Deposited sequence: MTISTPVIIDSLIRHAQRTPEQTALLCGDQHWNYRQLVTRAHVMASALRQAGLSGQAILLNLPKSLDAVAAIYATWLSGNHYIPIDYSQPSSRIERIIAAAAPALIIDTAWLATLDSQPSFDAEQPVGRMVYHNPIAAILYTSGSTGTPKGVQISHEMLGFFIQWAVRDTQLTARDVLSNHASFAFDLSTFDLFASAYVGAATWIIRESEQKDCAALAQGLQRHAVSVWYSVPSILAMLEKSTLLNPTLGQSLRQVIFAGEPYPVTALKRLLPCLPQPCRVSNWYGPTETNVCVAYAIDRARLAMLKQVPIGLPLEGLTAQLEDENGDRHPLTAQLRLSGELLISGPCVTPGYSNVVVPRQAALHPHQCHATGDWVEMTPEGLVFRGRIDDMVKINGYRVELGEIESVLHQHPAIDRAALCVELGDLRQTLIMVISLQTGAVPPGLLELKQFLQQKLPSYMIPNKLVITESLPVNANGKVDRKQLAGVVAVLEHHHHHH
């Protein structure tokens, strides 16, 4: 019903042709291609024996060699994987499991139990993101989507078997699709960065050097941390030939501090897109042009995709080199999710089945390509993490003291500030800022915990909160 996924065919060929080539590094451990593929086959056999076919398999695992083997094992058994960020609170992983309704959860215990003993499915994975109602929102990722992205990304970066790729992001996020799958496509090695290492600038710098990392893909926020650490320099990083940032803008002031930390000949790229498209717009930085740029362009749509800008009138303008207009970016082509797995989002419902996604990003077409201007809804990027303000609101409305709650945001250069505006129940003890942070700490990951509180007698509402009015009530009350 589908072609064999190109990533699985490539992985099997590398285990056959170069069995002893390193596939994966994690802590002090490494696997060659034979060990990875053999382990994936052992796990696939167990899923086959459990009679799982065409099902969601949720990977409740830390970043590890075994978690990568489980990804491939789902595909080899006709199943799709549900990755999660193992660093977040257990109560949110429970909400994802409830939303995903997986046929099977692979956890540490399942691996322990295991060790003591015709492709019909078009879907490769479902990535559950922040949902505006609080309910996690599943983005279906097809084999077709991953193949399209990986073949484009290998060509763009000239990736080969000699490369050593970092894997910074959690498997829950689509950056990991390049780090793992582009590596497997070409027969390269990937360094799986563990949860304890993801923020640790000394451990990252030491690993870049130890493993001779040649290709790095992350959000700007960790690259700007590595710059500020003073630990990243062109000698420690001499193996780096490609750095890729994505997920949020890299302010040009900060990006000019990073470049002297990297080898001069290192290619630096800006990659753009939401989970629903993976990377769909890309720009390779010209260090000569960079001094004159006020913003780094996100660039041009990938070969094989098309774009439109939807103006303030709702009219869709086809993207051309000559267009000089700001509007909402709409992307079309094989990158686009077939749709959300578990919720209806009416804005996308007559777009996704026509291979179109409305990004929610306001963008400008310029002589240097597309430039990101801002979001137009209530989804915000916090250090490159996807946050629906409605998710945080849904949790705050459960606090015993709260009547109504709404968030607003202040944006700066590599900084965002979430502000909670709440009204209280009659007779309720007003919670303090630290009390509400402690309330949220059990429920949401740290980057969704707001850092300002404003208590008002009443939240502005319509015949739903009027968000236009929040900055003003914050101003008056401050």
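*Asks:* If a residue lacks a C-alpha atom here, it counts as unmodelled; so which stretches of the deposited sequence fall into that category?
*Replies:* 1, 119-130, 477-478, 494-499 are the stretches of the deposited chain that have no C-alpha coordinates in the structure.
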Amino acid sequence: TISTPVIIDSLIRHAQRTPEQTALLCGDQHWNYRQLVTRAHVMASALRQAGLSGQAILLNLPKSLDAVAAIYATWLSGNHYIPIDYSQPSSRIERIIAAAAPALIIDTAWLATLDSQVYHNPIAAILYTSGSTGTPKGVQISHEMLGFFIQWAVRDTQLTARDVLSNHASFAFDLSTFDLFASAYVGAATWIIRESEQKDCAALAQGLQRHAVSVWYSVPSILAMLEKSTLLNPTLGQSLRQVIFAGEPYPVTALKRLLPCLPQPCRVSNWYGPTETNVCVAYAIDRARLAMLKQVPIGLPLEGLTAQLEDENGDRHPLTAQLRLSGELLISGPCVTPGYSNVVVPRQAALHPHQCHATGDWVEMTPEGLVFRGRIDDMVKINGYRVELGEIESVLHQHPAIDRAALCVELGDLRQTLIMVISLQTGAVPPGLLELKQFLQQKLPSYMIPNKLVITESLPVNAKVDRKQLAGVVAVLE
From here on, numbers count along this sequence of modelled residues.
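*Asks:* Quick one: higher average CA temperature factor, 2-10 or 467-475?
*Replies:* It is 467-475.
*Asks:* As stated in the PDB record, which stretch has the larger average Cα B-factor, 288-296 or 360-368?
*Replies:* According to the PDB entry, the answer is 288-296.
*Asks:* Determine which member of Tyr72, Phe173, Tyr272, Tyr119 has the highest CA B-factor, using the values in the deposited entry.
*Replies:* Answer for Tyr72, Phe173, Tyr272, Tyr119: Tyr119, with the highest C-alpha B-factor.
*Asks:* Whose C-alpha has the highest temperature factor in the PDB entry: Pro249, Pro301, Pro346, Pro338?
*Replies:* The listed residue with the largest C-alpha B-factor is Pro346.
*Asks:* How does the C-alpha B factor of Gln209 compare with the rest of the chain: lowest, middle or highest third?
*Replies:* CA B-factor rank for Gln209: highest third.
*Asks:* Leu411: which third of its chain by C-alpha temperature factor?
*Replies:* It belongs to the highest third of the chain when residues are ordered by C-alpha B-factor.
*Asks:* Rank-wise, by C-alpha B-factor, drop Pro318 into the lowest, middle or highest third of its chain.
*Replies:* For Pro318, whose C-alpha B-factor we compare with every modelled residue in the chain, the answer is the highest third.
*Asks:* Using the B-factor values recorded in the entry, state whether the Cα atom of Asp85 falls in the lowest, middle or highest third among the modelled residues of its chain.
*Replies:* Ranked within chain, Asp85 CA B lands in the lowest tercile.
*Asks:* Grab the CA temperature factor for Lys443 from the record and place it in the lowest, middle or highest third of its chain.
*Replies:* Middle third by C-alpha B-factor.
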